[PDB]
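K.L.:
What follows is the file entry.csv, containing CSV, N, CA, C and O atoms:
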```csv
chain,number,residue,atom,x,y,z
A,1,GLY,N,-51.4,37.4,133.7
A,1,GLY,CA,-50.8,38.7,134.1
A,1,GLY,C,-49.3,38.6,133.8
A,1,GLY,O,-48.9,38.0,132.8
A,2,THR,N,-48.5,39.2,134.6
A,2,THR,CA,-47.1,39.1,134.4
A,2,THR,C,-46.5,38.0,135.3
A,2,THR,O,-46.8,38.0,136.5
A,3,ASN,N,-45.7,37.1,134.7
A,3,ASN,CA,-45.2,36.0,135.4
A,3,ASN,C,-46.2,35.1,136.1
A,3,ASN,O,-46.5,35.3,137.3
A,4,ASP,N,-46.9,34.3,135.3
A,4,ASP,CA,-47.9,33.5,135.9
A,4,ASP,C,-47.4,32.2,136.3
A,4,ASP,O,-47.1,31.3,135.5
A,5,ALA,N,-47.3,32.0,137.6
A,5,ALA,CA,-46.7,30.8,138.2
A,5,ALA,C,-47.8,29.7,138.3
A,5,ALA,O,-47.5,28.5,138.7
A,6,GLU,N,-49.0,30.0,137.9
A,6,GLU,CA,-50.1,29.1,137.9
A,6,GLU,C,-50.8,29.2,136.6
A,6,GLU,O,-50.6,30.2,135.8
A,7,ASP,N,-51.6,28.3,136.2
A,7,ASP,CA,-52.2,28.2,134.9
A,7,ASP,C,-53.6,28.8,134.9
A,7,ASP,O,-54.1,29.3,133.9
A,8,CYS,N,-54.2,28.9,136.1
A,8,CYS,CA,-55.6,29.4,136.1
A,8,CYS,C,-55.6,30.8,136.6
A,8,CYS,O,-54.6,31.4,137.0
A,9,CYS,N,-56.9,31.4,136.6
A,9,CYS,CA,-57.1,32.8,136.9
A,9,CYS,C,-57.3,32.9,138.4
A,9,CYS,O,-57.1,32.0,139.2
A,10,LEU,N,-57.6,34.1,138.9
A,10,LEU,CA,-57.8,34.4,140.3
A,10,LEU,C,-59.2,34.2,140.7
A,10,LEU,O,-59.6,33.3,141.5
A,11,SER,N,-60.1,35.1,140.2
A,11,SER,CA,-61.5,35.1,140.5
A,11,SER,C,-62.2,36.1,139.6
A,11,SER,O,-61.6,37.0,139.1
A,12,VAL,N,-63.5,35.9,139.3
A,12,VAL,CA,-64.2,36.7,138.4
A,12,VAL,C,-65.0,37.8,139.1
A,12,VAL,O,-65.5,37.5,140.2
A,13,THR,N,-65.2,38.9,138.6
A,13,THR,CA,-66.0,39.9,139.2
A,13,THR,C,-67.4,39.8,138.6
A,13,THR,O,-67.7,38.9,137.8
A,14,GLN,N,-68.4,40.6,139.1
A,14,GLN,CA,-69.8,40.6,138.7
A,14,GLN,C,-69.9,40.4,137.2
A,14,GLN,O,-70.4,39.3,136.7
A,15,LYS,N,-69.5,41.3,136.4
A,15,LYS,CA,-69.4,41.2,135.0
A,15,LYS,C,-68.2,41.9,134.6
A,15,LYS,O,-68.2,43.1,134.4
A,16,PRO,N,-67.1,41.1,134.4
A,16,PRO,CA,-65.7,41.6,134.2
A,16,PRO,C,-65.5,42.7,133.0
A,16,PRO,O,-65.6,43.9,133.3
A,17,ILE,N,-65.3,42.2,131.8
A,17,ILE,CA,-65.0,43.1,130.7
A,17,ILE,C,-65.9,42.8,129.5
A,17,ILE,O,-66.5,41.7,129.5
A,18,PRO,N,-66.1,43.7,128.6
A,18,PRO,CA,-66.8,43.4,127.3
A,18,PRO,C,-66.2,42.2,126.6
A,18,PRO,O,-65.0,42.2,126.3
A,19,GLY,N,-67.0,41.3,126.2
A,19,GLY,CA,-66.6,40.1,125.6
A,19,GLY,C,-66.2,40.3,124.1
A,19,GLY,O,-65.9,39.4,123.4
A,20,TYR,N,-66.5,41.5,123.6
A,20,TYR,CA,-66.1,41.9,122.3
A,20,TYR,C,-64.7,42.6,122.2
A,20,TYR,O,-64.3,42.8,121.1
A,21,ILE,N,-64.1,42.8,123.4
A,21,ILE,CA,-62.7,43.4,123.3
A,21,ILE,C,-61.6,42.3,123.6
A,21,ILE,O,-60.5,42.6,123.7
A,22,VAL,N,-62.1,41.1,123.6
A,22,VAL,CA,-61.2,40.0,123.8
A,22,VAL,C,-60.7,39.4,122.5
A,22,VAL,O,-61.4,39.2,121.5
A,23,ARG,N,-59.4,39.2,122.4
A,23,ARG,CA,-58.7,38.6,121.3
A,23,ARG,C,-58.7,37.1,121.3
A,23,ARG,O,-59.0,36.5,120.3
A,24,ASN,N,-58.4,36.5,122.5
A,24,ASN,CA,-58.4,35.1,122.6
A,24,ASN,C,-58.7,34.8,124.0
A,24,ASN,O,-58.6,35.6,124.9
A,25,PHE,N,-59.2,33.6,124.3
A,25,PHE,CA,-59.6,33.2,125.6
A,25,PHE,C,-58.9,31.9,126.0
A,25,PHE,O,-58.5,31.1,125.1
A,26,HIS,N,-58.8,31.6,127.2
A,26,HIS,CA,-58.3,30.3,127.7
A,26,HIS,C,-59.4,29.8,128.6
A,26,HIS,O,-59.8,30.5,129.6
A,27,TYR,N,-59.9,28.6,128.4
A,27,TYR,CA,-61.0,28.1,129.2
A,27,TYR,C,-60.4,27.2,130.4
A,27,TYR,O,-60.0,26.1,130.2
A,28,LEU,N,-60.4,27.8,131.5
A,28,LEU,CA,-59.8,27.1,132.7
A,28,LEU,C,-60.9,26.5,133.6
A,28,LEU,O,-61.8,27.2,134.1
A,29,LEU,N,-60.9,25.3,133.8
A,29,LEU,CA,-61.8,24.6,134.6
A,29,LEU,C,-61.2,23.7,135.7
A,29,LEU,O,-59.9,23.6,135.7
A,30,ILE,N,-61.9,23.1,136.5
A,30,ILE,CA,-61.4,22.2,137.6
A,30,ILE,C,-61.0,20.9,136.9
A,30,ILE,O,-60.2,20.1,137.4
A,31,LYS,N,-61.6,20.7,135.7
A,31,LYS,CA,-61.3,19.5,134.8
A,31,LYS,C,-59.8,19.6,134.5
A,31,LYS,O,-59.1,18.6,134.5
A,32,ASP,N,-59.3,20.8,134.2
A,32,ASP,CA,-57.9,21.1,133.9
A,32,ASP,C,-57.1,20.9,135.1
A,32,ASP,O,-56.1,20.3,135.1
A,33,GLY,N,-57.6,21.5,136.2
A,33,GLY,CA,-57.0,21.4,137.5
A,33,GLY,C,-56.8,22.7,138.1
A,33,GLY,O,-55.7,23.4,138.0
A,34,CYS,N,-57.8,23.2,138.9
A,34,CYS,CA,-57.7,24.4,139.6
A,34,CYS,C,-59.0,24.4,140.5
A,34,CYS,O,-59.9,23.7,140.2
A,35,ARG,N,-58.9,25.3,141.5
A,35,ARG,CA,-60.1,25.4,142.4
A,35,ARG,C,-61.1,26.4,141.9
A,35,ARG,O,-62.3,26.3,142.2
A,36,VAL,N,-60.6,27.3,141.1
A,36,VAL,CA,-61.5,28.4,140.5
A,36,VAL,C,-61.6,28.2,139.0
A,36,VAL,O,-60.7,28.4,138.2
A,37,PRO,N,-62.8,27.8,138.5
A,37,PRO,CA,-63.1,27.7,137.1
A,37,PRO,C,-63.5,29.0,136.6
A,37,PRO,O,-64.4,29.7,137.1
A,38,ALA,N,-62.8,29.4,135.5
A,38,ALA,CA,-63.0,30.7,134.9
A,38,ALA,C,-62.4,30.8,133.5
A,38,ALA,O,-61.4,30.1,133.3
A,39,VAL,N,-63.0,31.5,132.7
A,39,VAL,CA,-62.5,31.7,131.4
A,39,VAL,C,-61.7,33.0,131.4
A,39,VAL,O,-62.3,34.0,131.8
A,40,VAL,N,-60.5,33.0,131.0
A,40,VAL,CA,-59.8,34.2,131.0
A,40,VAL,C,-59.9,34.8,129.6
A,40,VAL,O,-59.7,34.2,128.6
A,41,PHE,N,-60.2,36.1,129.6
A,41,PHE,CA,-60.3,36.8,128.4
A,41,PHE,C,-59.1,37.7,128.2
A,41,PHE,O,-58.8,38.6,128.9
A,42,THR,N,-58.3,37.3,127.2
A,42,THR,CA,-57.1,38.0,126.8
A,42,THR,C,-57.6,39.2,125.9
A,42,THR,O,-58.0,39.1,124.7
A,43,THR,N,-57.6,40.4,126.5
A,43,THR,CA,-58.1,41.6,125.8
A,43,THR,C,-57.1,42.1,124.7
A,43,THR,O,-56.0,41.5,124.5
A,44,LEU,N,-57.5,43.1,124.0
A,44,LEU,CA,-56.8,43.7,122.9
A,44,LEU,C,-55.4,44.2,123.4
A,44,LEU,O,-54.4,44.2,122.7
A,45,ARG,N,-55.3,44.6,124.7
A,45,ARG,CA,-54.1,45.1,125.3
A,45,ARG,C,-53.2,43.9,125.6
A,45,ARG,O,-52.0,44.0,125.9
A,46,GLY,N,-53.7,42.7,125.6
A,46,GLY,CA,-52.9,41.5,126.0
A,46,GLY,C,-53.1,41.1,127.4
A,46,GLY,O,-52.3,40.3,127.9
A,47,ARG,N,-54.1,41.6,128.0
A,47,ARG,CA,-54.3,41.4,129.4
A,47,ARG,C,-55.4,40.4,129.6
A,47,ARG,O,-56.5,40.5,129.0
A,48,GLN,N,-55.2,39.3,130.4
A,48,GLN,CA,-56.2,38.4,130.6
A,48,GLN,C,-57.0,38.7,131.9
A,48,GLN,O,-56.4,39.2,132.9
A,49,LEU,N,-58.2,38.4,131.9
A,49,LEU,CA,-59.1,38.7,133.0
A,49,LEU,C,-60.0,37.6,133.2
A,49,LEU,O,-60.5,37.0,132.3
A,50,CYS,N,-60.4,37.3,134.5
A,50,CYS,CA,-61.2,36.1,134.8
A,50,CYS,C,-62.7,36.5,134.5
A,50,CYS,O,-63.2,37.5,135.1
A,51,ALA,N,-63.4,35.7,133.8
A,51,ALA,CA,-64.9,35.9,133.5
A,51,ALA,C,-65.6,34.6,133.8
A,51,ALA,O,-65.1,33.5,133.8
A,52,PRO,N,-67.0,34.7,134.2
A,52,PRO,CA,-67.8,33.5,134.6
A,52,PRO,C,-68.1,32.6,133.5
A,52,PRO,O,-68.9,32.9,132.6
A,53,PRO,N,-67.7,31.3,133.6
A,53,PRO,CA,-67.9,30.3,132.6
A,53,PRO,C,-69.3,29.8,132.6
A,53,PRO,O,-69.8,29.1,131.7
A,54,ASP,N,-70.1,30.1,133.6
A,54,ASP,CA,-71.5,29.6,133.8
A,54,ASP,C,-72.4,30.6,133.1
A,54,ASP,O,-73.4,30.2,132.5
A,55,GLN,N,-72.2,31.9,133.2
A,55,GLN,CA,-73.1,32.9,132.7
A,55,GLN,C,-73.2,32.9,131.2
A,55,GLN,O,-72.3,32.7,130.4
A,56,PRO,N,-74.5,33.1,130.7
A,56,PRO,CA,-74.8,33.0,129.3
A,56,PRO,C,-74.1,34.0,128.4
A,56,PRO,O,-73.7,33.8,127.3
A,57,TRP,N,-73.8,35.2,129.0
A,57,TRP,CA,-73.2,36.3,128.2
A,57,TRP,C,-71.8,35.8,127.7
A,57,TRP,O,-71.3,36.2,126.7
A,58,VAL,N,-71.1,35.0,128.5
A,58,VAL,CA,-69.8,34.5,128.3
A,58,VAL,C,-69.9,33.4,127.2
A,58,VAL,O,-69.0,33.4,126.3
A,59,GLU,N,-70.9,32.6,127.2
A,59,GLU,CA,-70.9,31.4,126.3
A,59,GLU,C,-71.1,31.9,124.9
A,59,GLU,O,-70.7,31.1,124.0
A,60,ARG,N,-71.7,33.0,124.6
A,60,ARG,CA,-71.9,33.6,123.3
A,60,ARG,C,-70.5,34.1,122.8
A,60,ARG,O,-70.1,33.7,121.6
A,61,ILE,N,-69.9,34.9,123.5
A,61,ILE,CA,-68.6,35.5,123.1
A,61,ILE,C,-67.5,34.4,122.9
A,61,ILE,O,-66.6,34.6,122.1
A,62,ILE,N,-67.5,33.4,123.7
A,62,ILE,CA,-66.6,32.2,123.6
A,62,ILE,C,-66.8,31.6,122.1
A,62,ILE,O,-65.8,31.4,121.4
A,63,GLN,N,-68.1,31.4,121.7
A,63,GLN,CA,-68.4,30.9,120.4
A,63,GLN,C,-67.8,31.7,119.3
A,63,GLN,O,-67.2,31.2,118.3
A,64,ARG,N,-67.9,33.0,119.5
A,64,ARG,CA,-67.4,34.0,118.5
A,64,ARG,C,-65.9,33.8,118.3
A,64,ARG,O,-65.4,33.7,117.2
A,65,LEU,N,-65.2,33.7,119.4
A,65,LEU,CA,-63.7,33.5,119.4
A,65,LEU,C,-63.4,32.1,118.9
A,65,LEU,O,-62.4,32.0,118.2
A,66,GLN,N,-64.2,31.1,119.2
A,66,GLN,CA,-63.9,29.8,118.7
A,66,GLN,C,-64.0,29.7,117.2
A,66,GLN,O,-63.1,29.2,116.6
A,67,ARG,N,-65.0,30.3,116.6
A,67,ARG,CA,-65.2,30.3,115.2
A,67,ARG,C,-64.2,31.2,114.5
A,67,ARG,O,-64.0,31.0,113.3
A,68,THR,N,-63.7,32.2,115.1
A,68,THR,CA,-62.7,33.0,114.5
A,68,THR,C,-61.3,32.5,114.6
A,68,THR,O,-60.5,32.6,113.6
A,69,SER,N,-61.1,31.8,115.7
A,69,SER,CA,-59.8,31.1,115.9
A,69,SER,C,-59.7,29.9,115.0
A,69,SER,O,-58.6,29.4,114.6
A,70,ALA,N,-60.9,29.2,114.8
A,70,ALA,CA,-61.0,28.0,114.0
A,70,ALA,C,-60.5,28.2,112.6
A,70,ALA,O,-60.2,27.2,111.9
A,71,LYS,N,-60.4,29.4,112.2
A,71,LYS,CA,-59.8,29.8,110.9
A,71,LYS,C,-58.4,29.3,110.8
A,71,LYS,O,-57.8,29.0,109.7
A,72,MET,N,-57.7,29.2,111.9
A,72,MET,CA,-56.4,28.7,112.0
A,72,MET,C,-56.5,27.4,112.7
A,72,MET,O,-56.6,27.3,113.9
A,73,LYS,N,-56.4,26.4,111.9
A,73,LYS,CA,-56.6,25.0,112.4
A,73,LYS,C,-55.3,24.5,113.0
A,73,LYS,O,-55.3,23.6,113.8
A,74,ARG,N,-54.2,25.0,112.5
A,74,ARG,CA,-52.9,24.6,113.1
A,74,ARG,C,-52.6,25.3,114.4
A,74,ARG,O,-52.5,26.5,114.4
A,75,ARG,N,-52.6,24.5,115.4
A,75,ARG,CA,-52.4,25.1,116.7
A,75,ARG,C,-51.2,24.5,117.4
A,75,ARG,O,-51.2,23.3,117.7
A,76,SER,N,-50.2,25.3,117.6
A,76,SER,CA,-49.0,24.8,118.3
A,76,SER,C,-49.0,25.2,119.7
A,76,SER,O,-48.4,24.6,120.6
A,77,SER,N,-49.8,26.2,120.1
A,77,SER,CA,-49.9,26.7,121.4
A,77,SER,C,-51.3,26.2,122.0
A,77,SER,O,-51.3,25.1,122.5
```
What is this file in structure tokens?
P.N.:
Amino acid sequence: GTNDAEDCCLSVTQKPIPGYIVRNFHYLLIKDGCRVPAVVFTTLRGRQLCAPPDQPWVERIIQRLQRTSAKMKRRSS
């Protein structure tokens, strides 16, 4: 969102947003360090939203973004 004092998301809704309108995602887990594991979907507008990392619908769209972002192997961010 605007001024994020934390690295993780808030909470995900039933079925947040279409996974095809997401530009890039950030995969937030408790492994990283947070109480709420969620993948944030950075939409076309540049807004990130919390989506369920367990649900199958998410794991497909993640792959799509992984393979498209993989085109850029140099990652500074």
K.L.:
How would you write, as a compact mmCIF listing (two decimals) with N, CA, C and O atoms, keeping the file's coordinate frame, the set of residues in chain A that DSSP gives as alpha helix (DSSP H)?
P.N.:
```
# COMPACT_ATOMS: atom_id res chain seq x y z
N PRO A 56 -74.50 33.10 130.70
CA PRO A 56 -74.80 33.00 129.30
C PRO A 56 -74.10 34.00 128.40
O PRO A 56 -73.70 33.80 127.30
N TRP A 57 -73.80 35.20 129.00
CA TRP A 57 -73.20 36.30 128.20
C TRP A 57 -71.80 35.80 127.70
O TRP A 57 -71.30 36.20 126.70
N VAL A 58 -71.10 35.00 128.50
CA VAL A 58 -69.80 34.50 128.30
C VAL A 58 -69.90 33.40 127.20
O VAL A 58 -69.00 33.40 126.30
N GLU A 59 -70.90 32.60 127.20
CA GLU A 59 -70.90 31.40 126.30
C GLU A 59 -71.10 31.90 124.90
O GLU A 59 -70.70 31.10 124.00
N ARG A 60 -71.70 33.00 124.60
CA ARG A 60 -71.90 33.60 123.30
C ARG A 60 -70.50 34.10 122.80
O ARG A 60 -70.10 33.70 121.60
N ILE A 61 -69.90 34.90 123.50
CA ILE A 61 -68.60 35.50 123.10
C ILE A 61 -67.50 34.40 122.90
O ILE A 61 -66.60 34.60 122.10
N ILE A 62 -67.50 33.40 123.70
CA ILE A 62 -66.60 32.20 123.60
C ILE A 62 -66.80 31.60 122.10
O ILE A 62 -65.80 31.40 121.40
N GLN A 63 -68.10 31.40 121.70
CA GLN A 63 -68.40 30.90 120.40
C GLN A 63 -67.80 31.70 119.30
O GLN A 63 -67.20 31.20 118.30
N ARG A 64 -67.90 33.00 119.50
CA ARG A 64 -67.40 34.00 118.50
C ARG A 64 -65.90 33.80 118.30
O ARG A 64 -65.40 33.70 117.20
N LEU A 65 -65.20 33.70 119.40
CA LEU A 65 -63.70 33.50 119.40
C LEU A 65 -63.40 32.10 118.90
O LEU A 65 -62.40 32.00 118.20
N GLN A 66 -64.20 31.10 119.20
CA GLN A 66 -63.90 29.80 118.70
C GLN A 66 -64.00 29.70 117.20
O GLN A 66 -63.10 29.20 116.60
N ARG A 67 -65.00 30.30 116.60
CA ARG A 67 -65.20 30.30 115.20
C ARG A 67 -64.20 31.20 114.50
O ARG A 67 -64.00 31.00 113.30
N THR A 68 -63.70 32.20 115.10
CA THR A 68 -62.70 33.00 114.50
C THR A 68 -61.30 32.50 114.60
O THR A 68 -60.50 32.60 113.60
N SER A 69 -61.10 31.80 115.70
CA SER A 69 -59.80 31.10 115.90
C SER A 69 -59.70 29.90 115.00
O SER A 69 -58.60 29.40 114.60
```
K.L.:
Let's see if you can do this: from backbone DSSP, list all strand (DSSP E or B) residues in chain A, as a PyMOL selection string.
P.N.:
chain A and resi 22-28+38-43+48-51
K.L.:
Calculate how many Å separate CA of residue 1 in chain A from CA of residue 73 in chain A, rounding to one decimal.
P.N.:
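Taking CA of residue 1 in chain A as the start and CA of residue 73 in chain A as the end point, the length is 26.3 Å.
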K.L.:
List the neighbours of residue 44 in chain A out to 5 Å using all atoms listed in the file; skip same-chain residues closer than 5 positions along the sequence, and give me the result as an mmCIF file with N, CA, C and O atoms, keeping the file's coordinate frame.
P.N.:
```cif
data_model
loop_
_atom_site.group_PDB
_atom_site.id
_atom_site.type_symbol
_atom_site.label_atom_id
_atom_site.label_comp_id
_atom_site.auth_asym_id
_atom_site.auth_seq_id
_atom_site.Cartn_x
_atom_site.Cartn_y
_atom_site.Cartn_z
ATOM 1 N N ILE A 21 -64.100 42.800 123.400
ATOM 2 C CA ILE A 21 -62.700 43.400 123.300
ATOM 3 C C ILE A 21 -61.600 42.300 123.600
ATOM 4 O O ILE A 21 -60.500 42.600 123.700
ATOM 5 N N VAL A 22 -62.100 41.100 123.600
ATOM 6 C CA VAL A 22 -61.200 40.000 123.800
ATOM 7 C C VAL A 22 -60.700 39.400 122.500
ATOM 8 O O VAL A 22 -61.400 39.200 121.500
ATOM 9 N N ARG A 23 -59.400 39.200 122.400
ATOM 10 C CA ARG A 23 -58.700 38.600 121.300
ATOM 11 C C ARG A 23 -58.700 37.100 121.300
ATOM 12 O O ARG A 23 -59.000 36.500 120.300
#
```
K.L.:
Enter the distance from CA of residue 11 in chain A to CA of residue 49 in chain A, in Å, rounded to one decimal.
P.N.:
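So the two atoms, CA of residue 11 in chain A and CA of residue 49 in chain A, lie 8.7 Å apart.
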K.L.:
What is the distance, in Å and to one decimal place, between atom N of residue 63 in chain A and CA of residue 20 in chain A?
P.N.:
10.7 Å
K.L.:
Between A:14, A:69, A:51, A:59, which has the minimum distance to residue 28 in chain A (counting all atoms listed in the file)?
P.N.:
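Once distances to residue 28 in chain A are computed over all atoms listed in the file, the minimum belongs to A:51.
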K.L.:
Might you pull out every residue within 12 Å of residue 40 in chain A, with only C-alpha atoms counted and same-chain residues fewer than 2 positions away left off, and present them as an MDAnalysis selection string?
P.N.:
chainID A and resid 1 7:13 16:17 19 22:29 36:38 42:43 46:53 58 61:62
